[PDB]
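In the form deposited in one PDB entry, a lone chain appears below as structure tokens.
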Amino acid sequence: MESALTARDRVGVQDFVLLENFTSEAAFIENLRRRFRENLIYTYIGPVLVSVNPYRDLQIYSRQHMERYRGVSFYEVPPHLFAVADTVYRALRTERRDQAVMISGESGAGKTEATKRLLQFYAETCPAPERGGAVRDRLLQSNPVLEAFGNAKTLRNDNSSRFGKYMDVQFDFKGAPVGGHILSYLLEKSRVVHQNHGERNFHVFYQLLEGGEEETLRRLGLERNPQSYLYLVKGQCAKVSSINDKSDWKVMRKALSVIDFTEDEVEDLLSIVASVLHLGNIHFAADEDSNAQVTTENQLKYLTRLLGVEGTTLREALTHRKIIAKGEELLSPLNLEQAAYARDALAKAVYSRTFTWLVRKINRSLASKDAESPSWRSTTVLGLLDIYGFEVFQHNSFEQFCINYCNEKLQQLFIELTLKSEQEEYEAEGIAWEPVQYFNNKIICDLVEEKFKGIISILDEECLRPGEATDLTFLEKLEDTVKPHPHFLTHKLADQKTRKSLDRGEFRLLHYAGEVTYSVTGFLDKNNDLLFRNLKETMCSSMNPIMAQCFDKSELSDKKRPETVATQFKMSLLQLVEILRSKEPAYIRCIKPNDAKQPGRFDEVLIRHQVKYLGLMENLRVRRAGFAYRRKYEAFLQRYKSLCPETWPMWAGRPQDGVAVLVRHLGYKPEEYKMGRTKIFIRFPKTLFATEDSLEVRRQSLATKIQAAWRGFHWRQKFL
């Protein structure tokens, strides 16, 4: 709203589209710094919200703020998290369509904390606080489990979220909370097998082996030292966490109990986690035609109990690729590569399916106790997607290649919905569309997707092509086929200046968040998810209740080859995109102002990175449109008519006519404004600044009129 515009010196703007020099990344960062040190931290970009982590117990999330924001449109009142929370609830009630918030940020920017504040706002504001409270309680109490199974230590943070967590609160036709949901998209399951230097595998393994209860570990092939297991050691990082695994394991065990896991499900679950260690410790040796054999029973004597499958079957499943053709089955033996991939693919599949079951067990628990069926009038949901940010380190690899493509696609949605929302408002107000240039991400989502030329469709060929194939041969095929595309570059294709910054065995992409260089070592290792029907047939024959729910006989009918992790990721993502395209989502973007976890330290180097990682300059350009500001003629005329005597104190024509003579009186030039079907439009916000400045000097006369009227009344009350 206009009420802030006198404070353009002290606070800075409320919504960055009103910035005059809107192409200045420096001025945008400076306005963020000003609001941050003033503690007025939330700011819009049109309907979008931007935030910065204050590291402090700011009273802005208090109940009096909830009841201030409840029922108030986002643009008439100042930015806070609850303004989007209320706006999504009003949209959910008014349109009757379901709606979703999307949270995004670098980890430590407050994504989880903001999600918790959104849920507390709904639980305290909405009509049934007991049922909303039970859904909030279970949604947030689920978190230690979904962290232990789904977070990991990277190069940059000790407890990063490696998966696109998602939630719903379920809402009825009346507007009360009914129940909820959890879904997890985009789990980084490559990490379950392989880690880069300084990174851990998923936290549950280190929490398990540190956690104690050694008699409970005694059923397993236990080792209290995590260096003992081939899937935990590759990152060289097991002990060097700043956060205490033993203490967190006890929190997660307590949470499983509060979540209504039975002691049998917990014992099965701990057996699966322990089995994933014993899957890792399998060593293969060759025979006559280089066919693989499991060398030792020392793993299998645990795996057979833990995964509930016969050892004579599992030995065969790990070392043979079954075909069924013309109704005869054909066991074909695996070489040492394919046996390693079959084991590691089994570990990825066992784990990610167990995690999907830890979600599904909660998703069936949060659901409606009422029948949710006619004469139940309508079902609705309020979504809270909690996806990982765009991600850059010293050595970006396959994991960050997929995460950054996911974020490129989430940007390619977010820009599309915002651009179309501006165009459709322009055409609704009868405004001719102002032609605008912006980084259309559809140019470069094609470089990663496109059916028989994108990087995924080539990385899936180098997993499949016969003979010798290597991470460098993959790179040499990119350089032979994507070659002219202006967003792709390599040390071969680079000029003699840029080739100093980009090595042999690397390629480079111009993502929305700027240019990122990928190191190909471990691309063909990580993309393979060879899980032949023999291993699924074996595992769905298991005695173990988890394995029996997680693999089933229906998949065994599918004649397709195993799909590679890049394709499994591409498909999982394209479902998340079409799930979000079904809605009109509200976006929350969060900035971590320093690594020190320190109040008031605005580290501009770290923020200039994040202002690029969160795409704020493209969004600012798109939502700034041709016109920086627009308003209903009635609301604009009511505020500013005092500047034009012909409209003062009230106007008798169309509100459009009153605004038209007001902009002639204010002397706006034909290029500085436009007249829409029911709204004013403004091309340069200096015009609106001068108009509130004009109203601020006009208020002097308004007060003088009131003071004179009061004194002319007062002297008739006390005398005559």
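When you see a residue number, it is the position in the sequence shown, counting from 1. Rigid core (definition): largest C-alpha set, two forms, superposition within 1.5 Å.
One more form of this protein, deposited in another entry, exists but is not displayed; see below.
Of the candidates 162, 191, 533, 80, the Cα that moves 2 angstroms or more after core superposition between this form and the one not shown belongs to 80 alone.
Superposition of the core reveals a Cα shift of 2 Å or more for residue 629 between this form and the one not shown. Positional change of residue 648 between this form and the one not shown reaches 2 Å or more at the C-alpha, relative to the superposed core.
After superposition on the rigid core, the Cα of residue 435 moves by 2 Å or more between this form and the one not shown.
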